[PDB]
Amino acid sequence: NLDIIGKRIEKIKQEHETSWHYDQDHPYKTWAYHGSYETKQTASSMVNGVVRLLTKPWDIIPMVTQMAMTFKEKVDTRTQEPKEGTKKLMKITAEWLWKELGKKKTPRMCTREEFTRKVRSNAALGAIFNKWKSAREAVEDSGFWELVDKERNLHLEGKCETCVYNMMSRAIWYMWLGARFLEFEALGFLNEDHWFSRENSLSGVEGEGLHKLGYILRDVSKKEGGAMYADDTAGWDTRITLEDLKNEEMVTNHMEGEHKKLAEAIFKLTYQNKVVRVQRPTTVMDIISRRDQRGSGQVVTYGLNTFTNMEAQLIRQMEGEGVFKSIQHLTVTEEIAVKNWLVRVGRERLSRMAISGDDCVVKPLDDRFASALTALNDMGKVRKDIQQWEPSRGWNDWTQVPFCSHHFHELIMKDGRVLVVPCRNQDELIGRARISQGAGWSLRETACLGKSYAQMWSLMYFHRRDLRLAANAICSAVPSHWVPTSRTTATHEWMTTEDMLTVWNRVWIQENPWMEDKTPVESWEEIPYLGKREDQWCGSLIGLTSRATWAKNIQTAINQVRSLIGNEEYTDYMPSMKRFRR
Ligand SMILES: Fc1ccc(NC2CCOCC2)nc1
Ligand SMILES: [Zn+2]
Ligand SMILES: [Zn+2]
């Protein structure tokens, strides 16, 4: 309690000393309360007019249009302590997993220089507005780094003053850029040096890209075993136990010198003890603490989520295989059986999984996995939309498994080569491309965001008739040389001014390890679509009157957007499609 968080609390107390009141009508049951103080403020979703003008048929589809319009009672729940058998399974598994992840990697500190390059090329690092405007300005000023230095030396002393979370099934915990630096310095190596790559972790997919995930799931499907399981956890971040946070900290056992002490302090002072500020309407700022749950930077959150998910799923596999009999207590010889399973088959069992933070697919040895629920439930990783003790539904076909919000099709080219392509309901793809975040967008910046979605569709979703047509229309309506942009950046090969056919060939043919024949494709007409009925099943409007009129009259829509943008240099991309080619 207060010896580790007090200083941070003490400090905030004084910045609002003409406001501090121990409110008595405070809602928190599971968050420890400390006090309140005066504040007054809230960024909703804006429409991208370039994408909307070129997707007119979707103006009357509520699944698209409702996406642009508009539980914090899950953060305020608690998770019971796991039993001694569960705690032992996790500690053995975590010890073993860090060693395996560390065999071909060296933990190291990330640098001011690396941090500065990050901010000067924009990533969602989750900082705040104060003393400096943007992140870009604070990183150039030496005052900031003196602030960073004071905290840095405070952390080496086992103490914390300024590392405080700000809240805003989603809950995002912003910190000041300084606290974000110190987290990146100590733990950025997990992401920067690709600890969760598939090559390094066997279960992981970090840095893969949507064009690889289907091939990875098809490779898991080739293993002998049972159904493919893809259980979602109900609110994963809220189910992270203090025992989980202590198993994650064991990465520090692999460190040395300064780095070890700096990493130990992030885990002790900011992860295993937290201070948060929350906006209440009744409008005060509440200063609450708790020891458990996930509240880190989103990039460190991804790697530690992947780690603890890999651990949980290996333990569920051990349970299905009868490695241990009960979670109440491991015998002395059960401990040696678990250790020996890990050493003997651990790497094979990791290769049976695809894990992306809280998202997993597992192809276990057999279907005993389906009813192996005691460890999973007792670790607190309770499955979503199924009754606590009901067996998991198994998927018989890798093409029907959900993963990273997608499913995957096998698509055969006219020349016999096999593509495994990513897919999701087309209403979701169109509805997302019609949304922008934040204020002060010029027409040119709105156009370049539309172009980013269009190029993503040409590379990932070329097999959907409506998206290849709409992508060609947007790229025809935006000036040819204008550069695609985003405000929150997986691999993003569509973010380029290179010819999209050249990028398609590099991604799907040249650099694709599942494609033996490297013959380049010479035109978009060589590049296939889903079957017409499969395209409709996944949300295509082909066969509707609205869609036929849109496709026939597309040059009129393109010219409407060109007239709004004005006299600029444009290319007509529609003749790359058979139907507009004379
Ligand atoms: F590009 C296309 C693709 C399909 C289509 N219509 C067909 C959809 C399936 O039932 C027969 C008609 N029109 C244009
Ligand atoms: Zn601190
Ligand atoms: Zn599909």
Side-chain angles (χ1 to χ4, degrees), residues 81-107 190 195-204 220 223-226 229 231 240-256 260 263-264 267 303-355 360 362-381:
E81 179 100 309
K83 314 312 192 201
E84 299 304 311
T86 311
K87 298 206 282 209
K88 194 64 59 168
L89 286 162
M90 293 195 299
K91 211 116 235 131
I92 292 179
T93 303
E95 192 198 335
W96 175 86
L97 187 57
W98 281 129
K99 285 175 191 161
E100 288 278 345
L101 292 179
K103 274 189 204 161
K104 291 177 287 148
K105 300 280 185 199
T106 305
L190 288 177
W195 275 55
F196 297 107
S197 72
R198 194 157 192 82
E199 178 180 333
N200 197 53
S201 65
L202 302 183
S203 299
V220 169
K223 300 228 163 215
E224 298 291 325
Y229 297 77
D231 281 340
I240 288 288
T241 64
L242 178 56
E243 213 61 29
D244 288 333
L245 294 173
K246 292 197 157 196
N247 294 315
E248 288 168 8
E249 164 161 19
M250 299 205 308
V251 64
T252 58
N253 297 352
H254 296 266
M255 297 182 190
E256 70 184 41
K260 178 161 172 114
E264 279 179 29
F267 277 110
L304 295 184
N305 282 351
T306 306
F307 181 82
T308 297
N309 206 4
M310 286 168 71
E311 182 201 292
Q313 302 306 322
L314 274 175
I315 295 169
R316 182 170 177 190
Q317 288 194 73
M318 282 170 205
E319 191 167 342
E321 285 179 47
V323 175
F324 70 93
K325 191 174 144 289
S326 166
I327 60 168
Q328 229 69 25
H329 142 89
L330 255 61
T331 72
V332 303
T333 64
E334 271 176 334
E335 282 187 47
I336 190 264
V338 170
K339 262 143 196 143
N340 200 67
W341 189 87
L342 287 177
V343 170
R344 187 181 88 245
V345 293
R347 290 178 72 78
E348 198 277 348
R349 296 303 195 264
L350 285 176
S351 74
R352 283 179 173 272
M353 310 194 285
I355 306 200
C360 64
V362 184
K363 190 164 186 186
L365 206 70
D366 49 64
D367 294 311
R368 293 175 285 168
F369 185 96
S371 47
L373 299 167
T374 62
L376 188 71
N377 277 330
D378 192 47
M379 291 180 295
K381 305 310 181 283

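Values below: all heavy atoms of this structure, side chains included; hydrogens, waters and symmetry mates excluded. Starting from 1, each residue takes its place in the sequence as its number.
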Less than 4.0 Å between a side-chain N and a carboxylate O, is that true for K325 and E334? no
Are any non-hydrogen side-chain atoms of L101 and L190 less than 4.5 angstrom apart?
no
Nearest heavy-atom contact between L202 and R347 is CD1-O, 3.4 Å
Rounded to the nearest 0.5 Å, the CH2 atom of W96 sits from the CH2 atom of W341 at a distance of 8.0 Å
Practice prompt. Output yes when a side-chain donor or acceptor of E319 lies under 3.5 Å from a complementary backbone atom of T374, and no otherwise.
Written response: yes
To the nearest 0.5 Å, atom NZ of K223 lies from atom CG of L365 at 10.5 Å
Taken to the nearest 0.5 Å, the spacing of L304 CG from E249 CD works out to 11.0 Å
Q.
Would you say NZ of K246 has more than 12 non-hydrogen atoms from neighbouring residues, nucleotides or ligands within 6.0 angstrom?
A. no
In short, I315 meets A375 closest at the heavy-atom pair CG2-CB, 3.7 Å
Would you tell me whether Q313 and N309 have side-chain atoms, one donor and one acceptor, within less than 3.5 Å of each other? yes
Q. Under 4.5 Å between any side-chain heavy atoms of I327 and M379, yes or no?
A. no
Worksheet item: Any sub-3.5 Å donor-acceptor pair from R352's side-chain atoms to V220's backbone N or O?
Response: no
(request) Ignoring hydrogens and angles, state whether a donor on the side chain of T308 or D244 is under 3.5 Å from an acceptor on the partner side chain. (result) no
Heavy-atom closest pair (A94 atom, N247 atom, distance to 0.1 Å) is CB-CB, 3.7 Å
In terms of heavy-atom contacts, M255 and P107 come closest through CG-CB, 4.0 Å
**Report entry** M353 and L314: CA distance, side-chain angles, deciding distance, side-chain contact (heavy atoms from CB on, under 4.5 Å) verdict
**Finding:** CA-CA 9 Å; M353 310 194 285; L314 274 175; 4.2 Å; yes
Exercise. Between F196 and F307, how do the two ring planes meet: parallel, tilted or perpendicular, split at 30° and 60°?
Worked result: perpendicular
Salt bridge (charged side-chain N to carboxylate O under 4.0 Å, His left out) test vs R349 passes for just one of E311, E100, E321, namely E321
Value for CG (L97) from OG1 (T93), rounded to nearest 0.5 Å, stands at 8.5 Å
Kindly indicate, with the supporting measurements, whether the criterion side-chain contact (heavy atoms from CB on, under 4.5 Å) is fulfilled by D367 and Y229.
CA-CA 9 Å; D367 294 311; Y229 297 77; 2.7 Å; yes
Value for SG (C360) from CE (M310), rounded to nearest 0.5 Å, stands at 12.0 Å
Smallest heavy-atom separation, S203 atom then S351 atom, equals OG-N, 4.4 Å
For the side chain of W195 and the backbone of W98, is there at least one donor-acceptor N/O pair under 3.5 Å apart?
no
Verdict with supporting geometry, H329 and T86, side-chain contact (heavy atoms from CB on, under 4.5 Å) | CA-CA 8 Å; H329 142 89; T86 311; over 6 Å; no
Looking at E84 and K88, does any basic side-chain N land under 4.0 Å from a carboxylate oxygen?
no
Notebook entry, point to check: Can you find a pair of side-chain heavy atoms, one from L373 and one from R316, that are under 4.5 Å apart?
Noted result: yes
Worksheet item: Would you call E95 and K99 a salt bridge, taking side-chain N to carboxylate O under 4.0 Å as the test?
Response: yes
CG (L89) and CD (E335) are apart, to the nearest 0.5 Å, by 9.0 Å
(message) Side chains of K83 and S326: any donor to acceptor distance under 3.5 Å?
(response) no
